[PDB]
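Working notes for the structure below.
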Amino acid sequence: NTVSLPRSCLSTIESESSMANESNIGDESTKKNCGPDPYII
Amino acid sequence: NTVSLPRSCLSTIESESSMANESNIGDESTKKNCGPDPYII
Amino acid sequence: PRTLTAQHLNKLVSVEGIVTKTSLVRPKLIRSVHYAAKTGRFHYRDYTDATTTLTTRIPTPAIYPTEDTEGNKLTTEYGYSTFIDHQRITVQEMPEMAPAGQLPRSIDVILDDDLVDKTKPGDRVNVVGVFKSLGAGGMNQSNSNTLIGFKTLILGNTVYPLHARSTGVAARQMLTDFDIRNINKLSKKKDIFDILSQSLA
Amino acid sequence: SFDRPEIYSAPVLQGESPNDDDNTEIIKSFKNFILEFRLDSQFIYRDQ
């Protein structure tokens, strides 16, 4: 009210909850990376 | 018989079939990009 | 554990050994439930990991929800969520069979749900399960390090304690109706104490 | 497993003396103009 969609997932910088930190990691040592431009409208 | 898994999806360079080229594009202008390290064992 | 090699991977195996150390029984989160204040609705989400299924599947790392689809805040319902137990143990070759003057070999085991607290350290145990490999042995990405290999362990599905001399596991036999009849008949004789006494050694 | 913390505020004291060329004062002046300006003894903008 040039706006663009976020380039990378915001769930990492946004530490919503303590359990979100756990959810942001899993399956051993593989880091979580959503990739470039992971958002859809 | 230091081999590593392919860094990028090979279906692009591997032009297996005619319909594969069509399957490699969809949903308007968005280009297909599997992302980095897309392979699982 | 000494004679368990890579050629047995992905195949059902039965191992014998001595438990050396157990782990603390912890709960695992499966399904989470939430309540929305502005709407009066209950939402839920499901979770999974690599060890809950034999066949490989494409990862689906769903995040823990804190907002509604519309932006409303969410409240958690611990009493309506669901949790499952999970334990990890280590098994080692028996000392009555291991090579002398040689270090021993050991293997990990994972137990879930109703097989979670069936043993204690120092027991002789027989475990039947699936010998599996997990993850990628440093193949993904560069990972210049080459020393490490593939992680392996057993998705245990049957556990049996075994009695042995000078061990903390008691011996128990199943009694049949024939056994009960014979023992009850024998009890009625007058010299039973003498017979049993003479039977020893 | 916990929820997200919140943030909120409330006014208690009086800050520094407001300057004229700041957004809040601009908004206040515009609101006054909308709600007060008179032409031919009419509140034209409020009415419309």
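Every chain in the structure tokens has a letter given in the order shown (A, B, ...), and although residue numbers restart at 1 in each chain, ligands are simply numbered from 1 in the order shown.
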Near-residue 22 in chain B list (12 Å; only C-alpha atoms; drop same-chain fewer than 3 positions) as a PyMOL selection string: chain B and resi 11-12+15-19+25-27+31-32
DSSP strand (DSSP E or B) residues within range 63-194 of chain C, as an MDAnalysis selection string: chainID C and resid 67 73:76 82:92 106:112 124:134 151:162
Proximal residues of chain D relative to chain C (only C-alpha atoms; 12 Å) as JSON, numbers by chain: {"D": [1, 2, 3, 4, 5, 6]}
Next, the residues of the selection above should be written as an mmCIF file, in the first residue's frame with C-alpha atoms.
data_model
loop_
_atom_site.group_PDB
_atom_site.id
_atom_site.type_symbol
_atom_site.label_atom_id
_atom_site.label_comp_id
_atom_site.auth_asym_id
_atom_site.auth_seq_id
_atom_site.Cartn_x
_atom_site.Cartn_y
_atom_site.Cartn_z
ATOM 1 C CA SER D 1 6.912 -27.814 22.605
ATOM 2 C CA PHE D 2 5.934 -24.206 23.326
ATOM 3 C CA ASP D 3 4.155 -21.356 21.572
ATOM 4 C CA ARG D 4 5.483 -17.999 20.372
ATOM 5 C CA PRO D 5 6.217 -15.103 22.751
ATOM 6 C CA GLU D 6 4.353 -11.829 22.295
#
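Within chain B, DSSP applied to the backbone places the following residues in alpha helix (DSSP H): residues 18, 19, 20, 21, 22 and 23 of chain B.
For chain B, the residues within 10 Å of chain A are residues 33, 34, 35 and 36 of chain B, with only C-alpha atoms used to measure distance.
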Can those selected residues be exported to a file as a CSV table (one decimal), in the first residue's frame so that it contains C-alpha atoms?
chain,number,residue,atom,x,y,z
B,33,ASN,CA,15.4,-26.2,-11.0
B,34,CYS,CA,15.6,-29.3,-8.7
B,35,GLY,CA,18.0,-27.4,-6.4
B,36,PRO,CA,21.4,-28.2,-5.1
Chain B onto chain A, all Cα, least squares, as a compact mmCIF listing (two decimals) with N, CA and C atoms, in the first residue's frame:
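This went into selection_5.txt:
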# COMPACT_ATOMS: atom_id res chain seq x y z
N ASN B 1 0.79 -1.16 -0.02
CA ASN B 1 -0.07 0.02 -0.07
C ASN B 1 0.76 1.30 -0.09
N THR B 2 9.12 -1.82 -5.46
CA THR B 2 9.04 -3.08 -6.20
C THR B 2 9.15 -4.26 -5.24
N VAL B 3 8.11 -4.46 -4.43
CA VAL B 3 8.11 -5.57 -3.48
C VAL B 3 8.21 -6.88 -4.23
N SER B 4 8.98 -7.81 -3.68
CA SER B 4 9.16 -9.13 -4.26
C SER B 4 9.09 -10.17 -3.16
N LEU B 5 8.75 -11.40 -3.55
CA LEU B 5 8.63 -12.47 -2.59
C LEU B 5 9.98 -12.75 -1.94
N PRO B 6 10.00 -13.23 -0.69
CA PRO B 6 11.28 -13.49 -0.03
C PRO B 6 12.11 -14.50 -0.80
N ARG B 7 13.42 -14.26 -0.84
CA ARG B 7 14.31 -15.13 -1.59
C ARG B 7 14.58 -16.44 -0.85
N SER B 8 14.52 -16.42 0.48
CA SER B 8 14.84 -17.58 1.29
C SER B 8 13.77 -17.79 2.35
N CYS B 9 13.60 -19.05 2.76
CA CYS B 9 12.65 -19.37 3.81
C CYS B 9 12.98 -18.59 5.07
N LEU B 10 11.94 -18.02 5.69
CA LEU B 10 12.11 -17.15 6.84
C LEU B 10 12.00 -17.88 8.17
N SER B 11 11.62 -19.16 8.16
CA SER B 11 11.44 -19.90 9.40
C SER B 11 12.73 -20.01 10.20
N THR B 12 13.89 -19.88 9.56
CA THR B 12 15.16 -19.93 10.27
C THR B 12 15.37 -18.68 11.11
N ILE B 13 15.34 -17.50 10.48
CA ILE B 13 15.54 -16.26 11.22
C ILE B 13 14.41 -16.05 12.22
N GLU B 14 13.19 -16.43 11.85
CA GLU B 14 12.05 -16.35 12.76
C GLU B 14 12.14 -17.53 13.72
N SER B 15 12.75 -17.30 14.88
CA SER B 15 12.80 -18.30 15.95
C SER B 15 11.49 -18.22 16.74
N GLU B 16 10.41 -18.70 16.11
CA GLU B 16 9.09 -18.56 16.72
C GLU B 16 9.04 -19.24 18.08
N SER B 17 9.50 -20.49 18.15
CA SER B 17 9.26 -21.32 19.32
C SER B 17 10.50 -22.17 19.59
N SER B 18 10.52 -22.76 20.79
CA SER B 18 11.62 -23.65 21.15
C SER B 18 11.61 -24.91 20.29
N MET B 19 10.43 -25.52 20.12
CA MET B 19 10.35 -26.73 19.31
C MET B 19 10.56 -26.45 17.83
N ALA B 20 10.42 -25.20 17.39
CA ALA B 20 10.72 -24.87 16.01
C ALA B 20 12.20 -25.07 15.70
N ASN B 21 13.07 -24.74 16.65
CA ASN B 21 14.50 -24.98 16.46
C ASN B 21 14.79 -26.46 16.27
N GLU B 22 14.07 -27.33 16.98
CA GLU B 22 14.24 -28.77 16.79
C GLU B 22 13.68 -29.21 15.45
N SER B 23 12.49 -28.73 15.09
CA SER B 23 11.90 -29.08 13.81
C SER B 23 12.76 -28.62 12.64
N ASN B 24 13.59 -27.60 12.84
CA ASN B 24 14.47 -27.10 11.79
C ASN B 24 15.71 -27.97 11.58
N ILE B 25 15.73 -29.18 12.15
CA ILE B 25 16.83 -30.12 11.94
C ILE B 25 16.27 -31.53 12.04
N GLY B 26 16.78 -32.41 11.20
CA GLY B 26 16.33 -33.79 11.21
C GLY B 26 17.16 -34.63 10.25
N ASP B 27 17.02 -35.94 10.40
CA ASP B 27 17.72 -36.91 9.57
C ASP B 27 19.23 -36.71 9.66
N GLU B 28 19.74 -36.82 10.89
CA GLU B 28 21.18 -36.84 11.15
C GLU B 28 21.82 -35.48 10.90
N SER B 29 22.93 -35.45 10.16
CA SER B 29 23.75 -34.25 10.05
C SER B 29 23.32 -33.31 8.94
N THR B 30 22.41 -33.73 8.07
CA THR B 30 22.00 -32.88 6.96
C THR B 30 21.39 -31.58 7.47
N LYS B 31 21.88 -30.47 6.94
CA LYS B 31 21.32 -29.16 7.27
C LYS B 31 20.09 -28.89 6.42
N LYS B 32 19.14 -28.16 7.00
CA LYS B 32 17.91 -27.83 6.30
C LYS B 32 18.14 -26.63 5.38
N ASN B 33 17.74 -26.77 4.12
CA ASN B 33 17.85 -25.68 3.15
C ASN B 33 16.69 -25.82 2.18
N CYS B 34 15.69 -24.94 2.32
CA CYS B 34 14.50 -25.04 1.49
C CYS B 34 14.81 -24.79 0.02
N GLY B 35 15.90 -24.08 -0.27
CA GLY B 35 16.27 -23.77 -1.63
C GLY B 35 16.01 -22.32 -1.96
N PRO B 36 16.33 -21.92 -3.19
CA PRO B 36 16.08 -20.53 -3.59
C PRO B 36 14.67 -20.33 -4.10
N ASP B 37 14.05 -19.23 -3.66
CA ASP B 37 12.69 -18.89 -4.06
C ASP B 37 11.74 -20.03 -3.74
N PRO B 38 11.57 -20.38 -2.46
CA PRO B 38 10.71 -21.51 -2.10
C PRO B 38 9.24 -21.17 -1.90
N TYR B 39 8.84 -19.92 -2.09
CA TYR B 39 7.50 -19.49 -1.74
C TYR B 39 6.56 -19.53 -2.95
N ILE B 40 5.31 -19.88 -2.67
CA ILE B 40 4.24 -19.89 -3.66
C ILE B 40 3.06 -19.11 -3.08
N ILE B 41 2.32 -18.47 -3.98
CA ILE B 41 1.21 -17.60 -3.62
C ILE B 41 -0.07 -18.42 -3.62
d(CA of residue 121 in chain C, CA of residue 14 in chain C) in Å: 19.2 Å
Exercise: range 122-124 of chain C partners within 9 Å, only C-alpha atoms, chain neighbours under 3 positions left out, as a ChimeraX atom specification: /C:16-21,94,119,160-164,167-169
Selected residues written out with N, CA and C atoms, as a tab-separated table (two decimals), in the first residue's frame:
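Heads up, here's the output in selection_21.tsv:
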chain	number	residue	atom	x	y	z
C	16	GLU	N	23.64	-62.50	19.31
C	16	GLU	CA	23.72	-62.82	20.73
C	16	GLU	C	24.84	-62.01	21.35
C	17	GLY	N	24.65	-61.60	22.60
C	17	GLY	CA	25.69	-60.82	23.26
C	17	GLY	C	25.30	-60.45	24.68
C	18	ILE	N	26.01	-59.46	25.21
C	18	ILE	CA	25.80	-58.96	26.56
C	18	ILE	C	25.55	-57.46	26.47
C	19	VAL	N	24.47	-57.00	27.11
C	19	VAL	CA	24.15	-55.58	27.11
C	19	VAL	C	25.16	-54.84	27.97
C	20	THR	N	25.75	-53.78	27.41
C	20	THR	CA	26.78	-53.02	28.10
C	20	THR	C	26.29	-51.67	28.61
C	21	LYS	N	25.30	-51.07	27.95
C	21	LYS	CA	24.78	-49.78	28.40
C	21	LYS	C	23.47	-49.49	27.69
C	94	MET	N	29.83	-61.95	24.04
C	94	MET	CA	29.90	-62.45	25.40
C	94	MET	C	31.36	-62.60	25.83
C	119	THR	N	15.14	-54.89	29.25
C	119	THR	CA	16.44	-55.40	29.67
C	119	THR	C	17.18	-54.35	30.48
C	160	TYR	N	15.16	-61.26	23.53
C	160	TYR	CA	15.01	-62.38	24.44
C	160	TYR	C	16.12	-62.35	25.48
C	161	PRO	N	15.81	-62.44	26.78
C	161	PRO	CA	16.88	-62.65	27.77
C	161	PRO	C	17.23	-64.12	27.89
C	162	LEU	N	18.52	-64.38	28.12
C	162	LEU	CA	19.04	-65.74	28.24
C	162	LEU	C	19.68	-65.91	29.61
C	163	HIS	N	19.42	-67.06	30.23
C	163	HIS	CA	20.03	-67.39	31.51
C	163	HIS	C	21.41	-67.97	31.29
C	164	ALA	N	22.33	-67.65	32.21
C	164	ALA	CA	23.67	-68.20	32.19
C	164	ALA	C	24.19	-68.28	33.62
C	167	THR	N	25.12	-65.15	36.42
C	167	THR	CA	24.49	-64.03	35.74
C	167	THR	C	23.21	-63.65	36.48
C	168	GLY	N	22.81	-62.40	36.30
C	168	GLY	CA	21.67	-61.84	37.00
C	168	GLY	C	20.31	-62.22	36.45
C	169	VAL	N	20.26	-62.96	35.36
C	169	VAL	CA	18.99	-63.37	34.77
C	169	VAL	C	18.59	-64.72	35.37
